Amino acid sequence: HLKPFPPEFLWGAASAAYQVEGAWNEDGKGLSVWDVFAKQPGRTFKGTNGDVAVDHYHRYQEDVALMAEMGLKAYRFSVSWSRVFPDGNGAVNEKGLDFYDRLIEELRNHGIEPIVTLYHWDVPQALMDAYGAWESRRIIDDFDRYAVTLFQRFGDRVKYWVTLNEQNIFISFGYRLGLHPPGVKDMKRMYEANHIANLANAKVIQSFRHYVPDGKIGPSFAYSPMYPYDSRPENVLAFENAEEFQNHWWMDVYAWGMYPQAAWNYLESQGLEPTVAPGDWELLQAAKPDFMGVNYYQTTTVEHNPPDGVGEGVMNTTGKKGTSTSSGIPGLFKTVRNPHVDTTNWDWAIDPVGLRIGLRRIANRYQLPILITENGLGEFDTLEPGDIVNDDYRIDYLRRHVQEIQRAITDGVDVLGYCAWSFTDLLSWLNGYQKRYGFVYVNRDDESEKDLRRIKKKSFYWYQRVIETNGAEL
């Protein structure tokens, strides 16, 4: 017998400002690092960018009405820092705050709980220009000032907040892989920026305790649970290294305020460890979150990797199946195809049991409630005559992940809610518009902007029924 989903389970869906909003230069909004980066040649799929995106800034009333029609309990969205502080630092842009206030009002007038993400990768370019953004401790005081602004303004109406969305992704992609702004490939700078981002996260959680005493806050981590390829001791050891280096490196800091020792000693042996200042540990250890936010798409299987072995690998940004290649850390671990799971056209593993495994690992290790802040299936969709989008693949993906969440709840994992990625189709940072996640199809592609009209997919109605029965019918 499964436990039921708890009565006030937050059935949600999610978006991110740069990927949906558009209006990139309207109503006083400043330049963000993604405004600049996406316009650089070769950075994005077919030169796509978020100048217009799906124009949610102008169509939010229509979108929220589709949320209300679906019966969403919660909508997760991010605030565009550059809309609120065009220069990151100076005067507040009241037109910017007014849009999110209008959005929050619309959500609550339809009975939808807002989940606000403070940071979803769009730091104002002025801060990058002024002092290198996340590579400078000044961003701690500046990020704090921006979050306290939002706390003060909306703390009375928003109860659930996410600090940093996938710190491990925007730090790693921006400073090690060079696939995000600032486009750097420097492991030393990566760990310095990562450490500063850790301090920023802790500082705003502390500020949150003053300004929103009745609220709940936490970071959202991009969690790929690691698997060993097999029972060979050297591959299990590679799995130990991979979980500590890819996952504990962040989640131990979030939950305990401490970096894991084996990864630290390994970085220190190379001069790659971050610069710690007095007070850093006191701050990191005095900032307990209310939950661990988890963005989950797939697990990763690993095996042993020689000191001269695999480093950077090819990532599939085209939807042409089978084109990604193994990546790893020489000497520590390398990824390997898991022969027991299917994969998407972008080579992502489909592993819903992996989600239960991951929820169990976090509960068992940190004893924290979990808010699943992202999960979903990115695939091609076909619009059919009669406004029909038959996305059975997406229904079956979500169905199996929701089923494993109920098992994890039965196993004792305190899951506060589930936010599917995404409510409407939106711009994928590196994959363009063809890689669709929405319950609501948006009428545009990578060649033509068309009319951006919204069309309900088969999965919209499936998820509507899930919410109505509180998950009893999947």
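Each residue number is its position in the shown sequence, starting from 1. Under this definition, the rigid core comprises the largest set of C-alpha atoms superposing within 1.5 Å between the forms.
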Stretch with larger C-alpha RMS deviation in 5 other deposited structures of this protein, core superposed, 388-396 versus 311-319: 311-319
Is the larger C-alpha RMS shift in 5 other deposited structures of this protein, relative to this form with the rigid core superposed, found in 173-181 or in 339-347? 339-347
Of the two stretches 350-358 and 378-386, which shows the higher Cα B-factor on average in the entry? 378-386
Mean C-alpha B factor from the entry: is it higher for 182-190 or for 277-285? 277-285
Deposited CA B-factor, highest of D141, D230, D252, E243: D141
Whose CA atom has the top B-factor in the entry, of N198, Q298, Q403, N109? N109
Position of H304 among the chain's modelled residues by C-alpha B-factor, lowest, middle or highest third: middle
Sort the modelled residues of this chain by their C-alpha B factor and say whether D446 lands in the lowest, middle or highest third. highest
Please place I169 in the lowest, middle or highest third of its chain according to the CA B-factor in the PDB entry. lowest
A222: C-alpha B-factor third of its chain, per the entry, is the lowest
Chain third (lowest, middle, highest) by recorded CA B-factor, residue given as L237: lowest
